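Asker: Got target-v9.cif for you, mmCIF, N, CA, C and O atoms:
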data_final
loop_
_atom_site.label_atom_id
_atom_site.label_comp_id
_atom_site.auth_asym_id
_atom_site.auth_seq_id
_atom_site.Cartn_x
_atom_site.Cartn_y
_atom_site.Cartn_z
N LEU A 1 82.76 138.15 -37.02
CA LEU A 1 83.53 137.38 -37.99
C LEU A 1 82.62 136.40 -38.72
O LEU A 1 82.16 136.69 -39.83
N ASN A 2 82.37 135.25 -38.12
CA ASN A 2 81.38 134.33 -38.66
C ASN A 2 80.01 134.98 -38.59
O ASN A 2 79.63 135.55 -37.56
N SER A 3 79.24 134.88 -39.68
CA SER A 3 77.92 135.48 -39.73
C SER A 3 77.16 134.92 -40.92
O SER A 3 77.77 134.46 -41.89
N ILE A 4 75.83 134.94 -40.83
CA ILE A 4 75.01 134.58 -41.97
C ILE A 4 74.67 135.82 -42.80
O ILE A 4 74.68 135.78 -44.03
N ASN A 5 74.38 136.94 -42.12
CA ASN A 5 73.71 138.06 -42.78
C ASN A 5 74.57 138.69 -43.87
O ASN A 5 74.02 139.23 -44.85
N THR A 6 75.89 138.65 -43.74
CA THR A 6 76.74 139.23 -44.77
C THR A 6 78.14 138.64 -44.71
O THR A 6 78.66 138.37 -43.62
N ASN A 7 78.72 138.43 -45.88
CA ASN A 7 80.13 138.06 -46.02
C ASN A 7 80.83 139.10 -46.89
O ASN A 7 80.62 139.11 -48.12
N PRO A 8 81.64 139.99 -46.32
CA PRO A 8 82.25 141.06 -47.11
C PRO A 8 83.12 140.57 -48.26
O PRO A 8 83.21 141.24 -49.30
N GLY A 9 83.79 139.42 -48.10
CA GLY A 9 84.69 138.95 -49.14
C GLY A 9 83.99 138.63 -50.44
O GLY A 9 84.54 138.85 -51.52
N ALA A 10 82.76 138.11 -50.36
CA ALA A 10 81.99 137.89 -51.58
C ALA A 10 81.67 139.21 -52.27
O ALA A 10 81.69 139.30 -53.50
N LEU A 11 81.40 140.26 -51.49
CA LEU A 11 81.15 141.57 -52.08
C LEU A 11 82.40 142.11 -52.75
O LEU A 11 82.33 142.72 -53.82
N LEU A 12 83.57 141.87 -52.14
CA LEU A 12 84.81 142.35 -52.74
C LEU A 12 85.12 141.59 -54.03
O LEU A 12 85.56 142.19 -55.02
N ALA A 13 84.89 140.28 -54.04
CA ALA A 13 85.09 139.51 -55.26
C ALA A 13 84.11 139.94 -56.34
O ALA A 13 84.49 140.00 -57.52
N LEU A 14 82.88 140.26 -55.97
CA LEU A 14 81.92 140.78 -56.93
C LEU A 14 82.35 142.13 -57.48
O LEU A 14 82.14 142.42 -58.66
N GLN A 15 82.98 142.96 -56.65
CA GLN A 15 83.45 144.25 -57.12
C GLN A 15 84.59 144.09 -58.12
O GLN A 15 84.61 144.75 -59.17
N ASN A 16 85.54 143.20 -57.82
CA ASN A 16 86.61 142.94 -58.78
C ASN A 16 86.06 142.30 -60.05
O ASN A 16 86.57 142.59 -61.15
N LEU A 17 85.02 141.48 -59.94
CA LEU A 17 84.45 140.87 -61.13
C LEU A 17 83.75 141.91 -62.00
O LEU A 17 83.87 141.88 -63.23
N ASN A 18 83.03 142.85 -61.38
CA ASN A 18 82.43 143.92 -62.17
C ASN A 18 83.48 144.82 -62.79
O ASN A 18 83.30 145.30 -63.91
N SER A 19 84.60 145.04 -62.10
CA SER A 19 85.65 145.88 -62.66
C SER A 19 86.28 145.21 -63.88
O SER A 19 86.48 145.85 -64.93
N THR A 20 86.60 143.92 -63.77
CA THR A 20 87.14 143.22 -64.92
C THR A 20 86.10 143.09 -66.03
O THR A 20 86.47 143.11 -67.21
N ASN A 21 84.81 143.02 -65.69
CA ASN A 21 83.78 143.02 -66.73
C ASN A 21 83.74 144.35 -67.47
O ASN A 21 83.54 144.39 -68.68
N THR A 22 83.95 145.45 -66.75
CA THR A 22 83.94 146.76 -67.41
C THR A 22 85.15 146.91 -68.33
O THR A 22 85.01 147.36 -69.47
N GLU A 23 86.33 146.52 -67.85
CA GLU A 23 87.50 146.59 -68.73
C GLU A 23 87.36 145.64 -69.92
O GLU A 23 87.80 145.96 -71.02
N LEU A 24 86.72 144.48 -69.71
CA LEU A 24 86.51 143.55 -70.81
C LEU A 24 85.55 144.14 -71.85
O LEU A 24 85.78 144.00 -73.05
N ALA A 25 84.48 144.79 -71.39
CA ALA A 25 83.56 145.42 -72.33
C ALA A 25 84.23 146.56 -73.09
O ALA A 25 83.97 146.74 -74.29
N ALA A 26 85.13 147.30 -72.43
CA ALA A 26 85.84 148.37 -73.13
C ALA A 26 86.79 147.80 -74.18
O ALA A 26 86.89 148.33 -75.29
N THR A 27 87.48 146.71 -73.84
CA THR A 27 88.35 146.07 -74.82
C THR A 27 87.54 145.50 -75.98
O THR A 27 87.97 145.60 -77.13
N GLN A 28 86.36 144.95 -75.70
CA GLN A 28 85.53 144.42 -76.77
C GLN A 28 85.01 145.55 -77.66
O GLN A 28 84.83 145.36 -78.88
N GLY A 29 84.79 146.73 -77.09
CA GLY A 29 84.42 147.87 -77.91
C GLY A 29 85.56 148.33 -78.79
O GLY A 29 85.36 148.69 -79.96
N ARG A 30 86.79 148.28 -78.26
CA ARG A 30 87.95 148.57 -79.10
C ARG A 30 88.13 147.52 -80.18
O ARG A 30 88.69 147.81 -81.24
N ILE A 31 87.68 146.29 -79.93
CA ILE A 31 87.78 145.24 -80.94
C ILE A 31 86.80 145.49 -82.08
O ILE A 31 87.19 145.49 -83.26
N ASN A 32 85.52 145.68 -81.77
CA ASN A 32 84.58 145.76 -82.89
C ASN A 32 84.70 147.10 -83.61
O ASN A 32 84.70 147.13 -84.84
N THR A 33 84.81 148.21 -82.87
CA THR A 33 84.88 149.50 -83.54
C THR A 33 86.16 149.63 -84.36
O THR A 33 86.17 150.31 -85.39
N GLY A 34 87.23 148.98 -83.92
CA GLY A 34 88.51 149.08 -84.59
C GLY A 34 89.31 150.31 -84.23
O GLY A 34 90.41 150.49 -84.78
N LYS A 35 88.81 151.15 -83.33
CA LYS A 35 89.46 152.39 -82.95
C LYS A 35 89.57 152.46 -81.43
O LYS A 35 88.67 152.00 -80.72
N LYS A 36 90.66 153.04 -80.94
CA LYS A 36 90.79 153.29 -79.51
C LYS A 36 89.95 154.48 -79.05
O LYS A 36 89.74 154.64 -77.85
N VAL A 37 89.48 155.32 -79.98
CA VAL A 37 88.59 156.43 -79.67
C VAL A 37 87.55 156.45 -80.79
O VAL A 37 87.78 157.04 -81.85
N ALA A 38 86.42 155.76 -80.58
CA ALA A 38 85.38 155.67 -81.59
C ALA A 38 84.15 156.52 -81.30
O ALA A 38 83.28 156.63 -82.17
N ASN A 39 84.06 157.13 -80.12
CA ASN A 39 82.90 157.93 -79.76
C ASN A 39 83.29 158.92 -78.68
O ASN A 39 84.39 158.85 -78.11
N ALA A 40 82.38 159.86 -78.40
CA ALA A 40 82.68 160.93 -77.45
C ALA A 40 82.95 160.40 -76.05
O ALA A 40 83.72 161.01 -75.30
N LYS A 41 82.34 159.28 -75.68
CA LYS A 41 82.55 158.74 -74.34
C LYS A 41 83.99 158.27 -74.13
O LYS A 41 84.49 158.30 -73.00
N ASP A 42 84.66 157.84 -75.20
CA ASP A 42 86.01 157.30 -75.05
C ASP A 42 87.02 158.41 -74.75
O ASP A 42 87.82 158.29 -73.81
N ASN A 43 86.98 159.49 -75.52
CA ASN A 43 87.86 160.64 -75.30
C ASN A 43 87.34 161.78 -76.18
O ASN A 43 87.47 161.73 -77.40
N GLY A 44 86.76 162.79 -75.54
CA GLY A 44 86.03 163.80 -76.30
C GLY A 44 86.91 164.69 -77.15
O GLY A 44 86.53 165.06 -78.27
N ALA A 45 88.10 165.05 -76.66
CA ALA A 45 88.95 165.97 -77.41
C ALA A 45 89.50 165.31 -78.67
O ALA A 45 89.42 165.88 -79.76
N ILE A 46 90.06 164.11 -78.52
CA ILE A 46 90.58 163.40 -79.68
C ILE A 46 89.46 163.08 -80.65
O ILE A 46 89.65 163.15 -81.88
N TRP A 47 88.27 162.80 -80.13
CA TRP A 47 87.15 162.46 -81.01
C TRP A 47 86.71 163.66 -81.82
O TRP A 47 86.51 163.55 -83.03
N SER A 48 86.56 164.82 -81.17
CA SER A 48 86.17 166.02 -81.91
C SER A 48 87.25 166.46 -82.88
O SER A 48 86.95 166.93 -83.99
N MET A 49 88.52 166.28 -82.51
CA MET A 49 89.61 166.64 -83.41
C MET A 49 89.58 165.78 -84.66
O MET A 49 89.67 166.28 -85.79
N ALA A 50 89.45 164.46 -84.47
CA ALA A 50 89.37 163.55 -85.60
C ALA A 50 88.11 163.81 -86.41
O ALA A 50 88.12 163.63 -87.63
N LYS A 51 87.04 164.25 -85.76
CA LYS A 51 85.80 164.50 -86.49
C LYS A 51 85.95 165.71 -87.41
O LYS A 51 85.54 165.67 -88.57
N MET A 52 86.56 166.79 -86.90
CA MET A 52 86.77 167.96 -87.75
C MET A 52 87.74 167.65 -88.89
O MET A 52 87.51 168.04 -90.04
N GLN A 53 88.83 166.94 -88.58
CA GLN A 53 89.78 166.63 -89.64
C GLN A 53 89.19 165.67 -90.67
O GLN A 53 89.47 165.78 -91.87
N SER A 54 88.34 164.73 -90.23
CA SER A 54 87.67 163.83 -91.16
C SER A 54 86.66 164.58 -92.00
O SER A 54 86.47 164.25 -93.18
N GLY B 1 77.86 152.38 -55.68
CA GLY B 1 77.75 150.95 -55.45
C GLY B 1 78.74 150.46 -54.41
O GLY B 1 78.37 149.73 -53.48
N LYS B 2 80.00 150.89 -54.53
CA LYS B 2 80.98 150.52 -53.52
C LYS B 2 80.60 151.09 -52.15
O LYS B 2 80.82 150.45 -51.12
N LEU B 3 80.00 152.28 -52.14
CA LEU B 3 79.63 152.91 -50.88
C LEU B 3 78.48 152.18 -50.20
O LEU B 3 78.49 151.99 -48.98
N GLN B 4 77.48 151.75 -50.98
CA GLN B 4 76.40 150.96 -50.41
C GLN B 4 76.91 149.62 -49.91
O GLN B 4 76.44 149.11 -48.88
N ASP B 5 77.89 149.04 -50.61
CA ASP B 5 78.47 147.79 -50.13
C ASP B 5 79.16 147.99 -48.79
O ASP B 5 78.98 147.20 -47.85
N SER B 6 79.95 149.06 -48.67
CA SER B 6 80.63 149.34 -47.41
C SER B 6 79.64 149.66 -46.30
O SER B 6 79.86 149.29 -45.14
N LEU B 7 78.53 150.33 -46.63
CA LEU B 7 77.51 150.63 -45.63
C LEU B 7 76.86 149.36 -45.10
O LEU B 7 76.69 149.19 -43.89
N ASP B 8 76.48 148.46 -46.01
CA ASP B 8 75.88 147.21 -45.56
C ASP B 8 76.88 146.37 -44.77
O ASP B 8 76.51 145.72 -43.78
N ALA B 9 78.15 146.39 -45.17
CA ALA B 9 79.17 145.66 -44.42
C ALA B 9 79.35 146.23 -43.03
O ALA B 9 79.54 145.49 -42.06
N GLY B 10 79.25 147.56 -42.89
CA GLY B 10 79.37 148.15 -41.57
C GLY B 10 78.17 147.85 -40.69
O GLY B 10 78.32 147.54 -39.50
N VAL B 11 76.97 147.89 -41.26
CA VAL B 11 75.80 147.53 -40.47
C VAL B 11 75.88 146.08 -40.03
O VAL B 11 75.48 145.73 -38.91
N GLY B 12 76.43 145.21 -40.88
CA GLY B 12 76.61 143.83 -40.48
C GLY B 12 77.67 143.67 -39.40
O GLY B 12 77.53 142.84 -38.50
N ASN B 13 78.73 144.47 -39.47
CA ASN B 13 79.74 144.44 -38.42
C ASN B 13 79.15 144.87 -37.08
O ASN B 13 79.54 144.36 -36.03
N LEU B 14 78.18 145.79 -37.11
CA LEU B 14 77.52 146.17 -35.86
C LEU B 14 76.54 145.12 -35.36
O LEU B 14 76.58 144.76 -34.17
N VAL B 15 75.66 144.61 -36.21
CA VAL B 15 74.53 143.81 -35.74
C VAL B 15 74.82 142.31 -35.68
O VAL B 15 74.27 141.63 -34.80
N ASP B 16 75.63 141.76 -36.58
CA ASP B 16 75.74 140.31 -36.68
C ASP B 16 76.38 139.70 -35.44
O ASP B 16 77.39 140.20 -34.93
N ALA B 17 75.79 138.62 -34.96
CA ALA B 17 76.38 137.83 -33.89
C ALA B 17 77.48 136.93 -34.43
O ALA B 17 77.47 136.53 -35.60
N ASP B 18 78.45 136.61 -33.58
CA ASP B 18 79.50 135.65 -33.92
C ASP B 18 78.98 134.26 -33.57
O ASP B 18 79.08 133.82 -32.42
N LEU B 19 78.41 133.58 -34.56
CA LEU B 19 77.70 132.33 -34.31
C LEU B 19 78.62 131.25 -33.76
O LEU B 19 78.17 130.35 -33.03
N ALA B 20 79.91 131.29 -34.11
CA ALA B 20 80.83 130.27 -33.62
C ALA B 20 80.94 130.30 -32.11
O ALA B 20 81.10 129.25 -31.47
N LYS B 21 80.85 131.49 -31.50
CA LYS B 21 80.76 131.58 -30.05
C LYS B 21 79.38 131.20 -29.54
O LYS B 21 79.25 130.65 -28.44
N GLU B 22 78.34 131.49 -30.33
CA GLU B 22 76.98 131.19 -29.91
C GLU B 22 76.74 129.70 -29.79
O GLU B 22 75.97 129.28 -28.92
N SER B 23 77.37 128.88 -30.63
CA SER B 23 77.18 127.44 -30.49
C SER B 23 77.73 126.94 -29.16
O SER B 23 77.07 126.16 -28.45
N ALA B 24 78.90 127.44 -28.77
CA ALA B 24 79.49 127.07 -27.49
C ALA B 24 78.64 127.55 -26.33
O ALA B 24 78.35 126.78 -25.41
N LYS B 25 78.23 128.82 -26.37
CA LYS B 25 77.41 129.35 -25.29
C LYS B 25 76.08 128.61 -25.19
O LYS B 25 75.59 128.35 -24.09
N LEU B 26 75.52 128.22 -26.33
CA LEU B 26 74.24 127.51 -26.35
C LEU B 26 74.37 126.15 -25.69
O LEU B 26 73.59 125.80 -24.80
N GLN B 27 75.34 125.35 -26.14
CA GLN B 27 75.46 124.01 -25.58
C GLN B 27 75.89 124.05 -24.12
O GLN B 27 75.46 123.20 -23.32
N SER B 28 76.67 125.06 -23.72
CA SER B 28 77.01 125.20 -22.32
C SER B 28 75.79 125.54 -21.48
O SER B 28 75.61 124.99 -20.38
N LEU B 29 74.92 126.43 -21.98
CA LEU B 29 73.69 126.73 -21.26
C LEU B 29 72.76 125.53 -21.21
O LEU B 29 72.05 125.35 -20.22
N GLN B 30 72.77 124.69 -22.25
CA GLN B 30 71.94 123.48 -22.21
C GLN B 30 72.43 122.52 -21.13
O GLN B 30 71.63 121.97 -20.36
N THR B 31 73.75 122.33 -21.04
CA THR B 31 74.29 121.46 -20.01
C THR B 31 74.01 122.03 -18.62
O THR B 31 73.66 121.29 -17.69
N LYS B 32 74.13 123.35 -18.46
CA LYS B 32 73.83 123.97 -17.18
C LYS B 32 72.35 123.88 -16.83
O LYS B 32 72.00 123.72 -15.66
N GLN B 33 71.47 123.94 -17.83
CA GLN B 33 70.04 123.81 -17.58
C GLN B 33 69.70 122.40 -17.13
O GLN B 33 68.89 122.22 -16.20
N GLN B 34 70.29 121.39 -17.77
CA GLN B 34 70.02 120.02 -17.35
C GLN B 34 70.59 119.75 -15.96
O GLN B 34 69.92 119.12 -15.13
N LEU B 35 71.78 120.27 -15.67
CA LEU B 35 72.31 120.13 -14.32
C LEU B 35 71.45 120.88 -13.31
O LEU B 35 71.31 120.43 -12.17
N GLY B 36 70.87 122.01 -13.71
CA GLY B 36 70.04 122.76 -12.78
C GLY B 36 68.75 122.04 -12.45
O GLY B 36 68.37 121.95 -11.28
N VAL B 37 68.07 121.51 -13.46
CA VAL B 37 66.84 120.76 -13.19
C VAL B 37 67.16 119.49 -12.40
O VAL B 37 66.40 119.08 -11.52
N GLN B 38 68.33 118.89 -12.66
CA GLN B 38 68.68 117.68 -11.93
C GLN B 38 69.00 117.97 -10.47
O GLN B 38 68.52 117.29 -9.57
N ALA B 39 69.78 119.03 -10.22
CA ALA B 39 70.06 119.43 -8.85
C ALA B 39 68.79 119.88 -8.14
O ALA B 39 68.66 119.69 -6.93
N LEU B 40 67.84 120.47 -8.87
CA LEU B 40 66.55 120.78 -8.28
C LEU B 40 65.82 119.49 -7.90
O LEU B 40 65.10 119.44 -6.89
N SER B 41 66.00 118.44 -8.70
CA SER B 41 65.42 117.15 -8.35
C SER B 41 65.98 116.64 -7.04
O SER B 41 65.24 116.17 -6.17
N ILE B 42 67.31 116.73 -6.86
CA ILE B 42 67.89 116.34 -5.57
C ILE B 42 67.39 117.26 -4.46
O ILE B 42 67.15 116.82 -3.33
N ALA B 43 67.19 118.54 -4.77
CA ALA B 43 66.74 119.49 -3.76
C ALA B 43 65.34 119.16 -3.26
O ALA B 43 65.01 119.44 -2.10
N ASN B 44 64.50 118.58 -4.12
CA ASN B 44 63.12 118.31 -3.73
C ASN B 44 63.01 117.25 -2.64
O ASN B 44 62.06 117.28 -1.86
N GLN B 45 63.95 116.30 -2.57
CA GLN B 45 63.79 115.18 -1.64
C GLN B 45 64.18 115.49 -0.20
O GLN B 45 63.95 114.66 0.67
N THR B 46 64.78 116.65 0.06
CA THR B 46 65.22 116.95 1.42
C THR B 46 64.11 116.89 2.47
O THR B 46 64.35 116.29 3.53
N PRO B 47 62.93 117.49 2.28
CA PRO B 47 61.90 117.42 3.33
C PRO B 47 61.48 116.01 3.71
O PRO B 47 61.15 115.78 4.88
N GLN B 48 61.47 115.06 2.77
CA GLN B 48 60.88 113.75 3.04
C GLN B 48 61.69 112.92 4.02
O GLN B 48 61.16 111.93 4.54
N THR B 49 62.95 113.28 4.28
CA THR B 49 63.80 112.46 5.14
C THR B 49 63.23 112.33 6.55
O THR B 49 63.40 111.28 7.19
N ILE B 50 62.49 113.34 7.02
CA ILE B 50 62.03 113.33 8.41
C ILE B 50 60.91 112.33 8.63
O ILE B 50 60.51 112.10 9.78
N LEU B 51 60.36 111.76 7.56
CA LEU B 51 59.34 110.72 7.70
C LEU B 51 59.87 109.54 8.49
O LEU B 51 59.09 108.85 9.16
N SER B 52 61.18 109.29 8.42
CA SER B 52 61.78 108.21 9.20
C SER B 52 61.68 108.46 10.70
O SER B 52 61.63 107.51 11.48
N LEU B 53 61.65 109.73 11.11
CA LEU B 53 61.53 110.05 12.53
C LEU B 53 60.19 109.62 13.11
O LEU B 53 60.11 109.34 14.31
N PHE B 54 59.14 109.55 12.29
CA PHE B 54 57.83 109.11 12.75
C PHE B 54 57.47 107.77 12.10
O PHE B 54 57.13 107.72 10.92
#
Using structure tokens, write down the structure that the file contains.

Answerer:
Amino acid sequence: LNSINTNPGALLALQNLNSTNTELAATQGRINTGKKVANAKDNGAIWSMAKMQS
Amino acid sequence: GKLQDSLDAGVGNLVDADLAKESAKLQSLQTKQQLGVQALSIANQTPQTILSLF
């Protein structure tokens, strides 16, 4: 329980922080690009469909 | 990343000592060591009593 070498709860909080950082970066990409699908990484089928129609 | 975190947490669950118990065991062993050296001090004087016989 008590230990110096590792505290699992800090690792779990770091994992949730990285997860919210990833969702925040995705939302910021939706902000600047102006599109919910602006590149192949976001959604390949909708992106290729919009590319052919464009 | 999550898997390496869980692996390090498991190795810590195996190896880490529970220091909160170690403080108690340490101070108890210190008190027992001082009582042991002191009782050894009382033990040393037993032979000298017979000097009164001569």

Asker: Can you pull out every residue within 8 Å of stretch 7-15 of chain A, counting only N, CA, C and O atoms, but drop anything in the same chain fewer than 2 positions away, and send it as a ChimeraX atom specification?

Answerer: /A:1,3-5,17-22 /B:2,5,8-9,12

Asker: Got time to write the residues from that selection, N, CA, C and O atoms, as an mmCIF file, in the coordinates of the input?

Answerer:
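File written: out39.cif
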data_model
loop_
_atom_site.group_PDB
_atom_site.id
_atom_site.type_symbol
_atom_site.label_atom_id
_atom_site.label_comp_id
_atom_site.auth_asym_id
_atom_site.auth_seq_id
_atom_site.Cartn_x
_atom_site.Cartn_y
_atom_site.Cartn_z
ATOM 1 N N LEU A 1 82.760 138.150 -37.020
ATOM 2 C CA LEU A 1 83.530 137.380 -37.990
ATOM 3 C C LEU A 1 82.620 136.400 -38.720
ATOM 4 O O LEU A 1 82.160 136.690 -39.830
ATOM 5 N N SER A 3 79.240 134.880 -39.680
ATOM 6 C CA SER A 3 77.920 135.480 -39.730
ATOM 7 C C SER A 3 77.160 134.920 -40.920
ATOM 8 O O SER A 3 77.770 134.460 -41.890
ATOM 9 N N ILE A 4 75.830 134.940 -40.830
ATOM 10 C CA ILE A 4 75.010 134.580 -41.970
ATOM 11 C C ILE A 4 74.670 135.820 -42.800
ATOM 12 O O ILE A 4 74.680 135.780 -44.030
ATOM 13 N N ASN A 5 74.380 136.940 -42.120
ATOM 14 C CA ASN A 5 73.710 138.060 -42.780
ATOM 15 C C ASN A 5 74.570 138.690 -43.870
ATOM 16 O O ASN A 5 74.020 139.230 -44.850
ATOM 17 N N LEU A 17 85.020 141.480 -59.940
ATOM 18 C CA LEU A 17 84.450 140.870 -61.130
ATOM 19 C C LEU A 17 83.750 141.910 -62.000
ATOM 20 O O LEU A 17 83.870 141.880 -63.230
ATOM 21 N N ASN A 18 83.030 142.850 -61.380
ATOM 22 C CA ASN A 18 82.430 143.920 -62.170
ATOM 23 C C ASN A 18 83.480 144.820 -62.790
ATOM 24 O O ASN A 18 83.300 145.300 -63.910
ATOM 25 N N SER A 19 84.600 145.040 -62.100
ATOM 26 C CA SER A 19 85.650 145.880 -62.660
ATOM 27 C C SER A 19 86.280 145.210 -63.880
ATOM 28 O O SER A 19 86.480 145.850 -64.930
ATOM 29 N N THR A 20 86.600 143.920 -63.770
ATOM 30 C CA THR A 20 87.140 143.220 -64.920
ATOM 31 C C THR A 20 86.100 143.090 -66.030
ATOM 32 O O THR A 20 86.470 143.110 -67.210
ATOM 33 N N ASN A 21 84.810 143.020 -65.690
ATOM 34 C CA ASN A 21 83.780 143.020 -66.730
ATOM 35 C C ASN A 21 83.740 144.350 -67.470
ATOM 36 O O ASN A 21 83.540 144.390 -68.680
ATOM 37 N N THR A 22 83.950 145.450 -66.750
ATOM 38 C CA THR A 22 83.940 146.760 -67.410
ATOM 39 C C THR A 22 85.150 146.910 -68.330
ATOM 40 O O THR A 22 85.010 147.360 -69.470
ATOM 41 N N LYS B 2 80.000 150.890 -54.530
ATOM 42 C CA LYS B 2 80.980 150.520 -53.520
ATOM 43 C C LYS B 2 80.600 151.090 -52.150
ATOM 44 O O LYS B 2 80.820 150.450 -51.120
ATOM 45 N N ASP B 5 77.890 149.040 -50.610
ATOM 46 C CA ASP B 5 78.470 147.790 -50.130
ATOM 47 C C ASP B 5 79.160 147.990 -48.790
ATOM 48 O O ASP B 5 78.980 147.200 -47.850
ATOM 49 N N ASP B 8 76.480 148.460 -46.010
ATOM 50 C CA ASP B 8 75.880 147.210 -45.560
ATOM 51 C C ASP B 8 76.880 146.370 -44.770
ATOM 52 O O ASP B 8 76.510 145.720 -43.780
ATOM 53 N N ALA B 9 78.150 146.390 -45.170
ATOM 54 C CA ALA B 9 79.170 145.660 -44.420
ATOM 55 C C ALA B 9 79.350 146.230 -43.030
ATOM 56 O O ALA B 9 79.540 145.490 -42.060
ATOM 57 N N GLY B 12 76.430 145.210 -40.880
ATOM 58 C CA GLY B 12 76.610 143.830 -40.480
ATOM 59 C C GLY B 12 77.670 143.670 -39.400
ATOM 60 O O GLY B 12 77.530 142.840 -38.500
#

Asker: Evaluate the PyMOL selection byres ((chain B) within 6 of (chain A)) against this structure - the residues, as a CSV table (one decimal) with N, CA, C and O atoms, keeping the file's coordinate frame, please.

Answerer:
chain,number,residue,atom,x,y,z
B,16,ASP,N,75.6,141.8,-36.6
B,16,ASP,CA,75.7,140.3,-36.7
B,16,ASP,C,76.4,139.7,-35.4
B,16,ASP,O,77.4,140.2,-34.9
B,17,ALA,N,75.8,138.6,-35.0
B,17,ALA,CA,76.4,137.8,-33.9
B,17,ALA,C,77.5,136.9,-34.4
B,17,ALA,O,77.5,136.5,-35.6
B,18,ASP,N,78.4,136.6,-33.6
B,18,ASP,CA,79.5,135.6,-33.9
B,18,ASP,C,79.0,134.3,-33.6
B,18,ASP,O,79.1,133.8,-32.4
B,19,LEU,N,78.4,133.6,-34.6
B,19,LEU,CA,77.7,132.3,-34.3
B,19,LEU,C,78.6,131.2,-33.8
B,19,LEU,O,78.2,130.4,-33.0
B,20,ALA,N,79.9,131.3,-34.1
B,20,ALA,CA,80.8,130.3,-33.6
B,20,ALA,C,80.9,130.3,-32.1
B,20,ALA,O,81.1,129.2,-31.5

Asker: Provide the atom CA of residue B:48 to atom CA of residue B:34 distance in Å, to one decimal place.

Answerer: 23.2 Å

Asker: DSSP on the backbone, alpha helix (DSSP H) only: what residues of chain A does that give? Format it as an NGL selection string.

Answerer: :A and (8-33 or 44-53)

Asker: Report, as JSON, the axis-aligned box around all atoms of stretch 46-50 of chain A present in the file, extended by 6 Å on each side; give centre and edge lengths in Å to one decimal place.

Answerer:
{"center_x": 88.4, "center_y": 164.7, "center_z": -83.1, "size_x": 16.4, "size_y": 16.5, "size_z": 21.1}

Asker: Hey, can you check how far atom C of residue B:51 sits from atom CA of residue B:39?

Answerer: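 So the two atoms, atom C of residue B:51 and atom CA of residue B:39, lie 22.4 Å apart.
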
Asker: Please report the interatomic distance between atom O of residue A:49 and atom C of residue A:30 in Å with one decimal.

Answerer: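 Atom-to-atom, atom O of residue A:49 and atom C of residue A:30 are spaced 19.6 Å apart.
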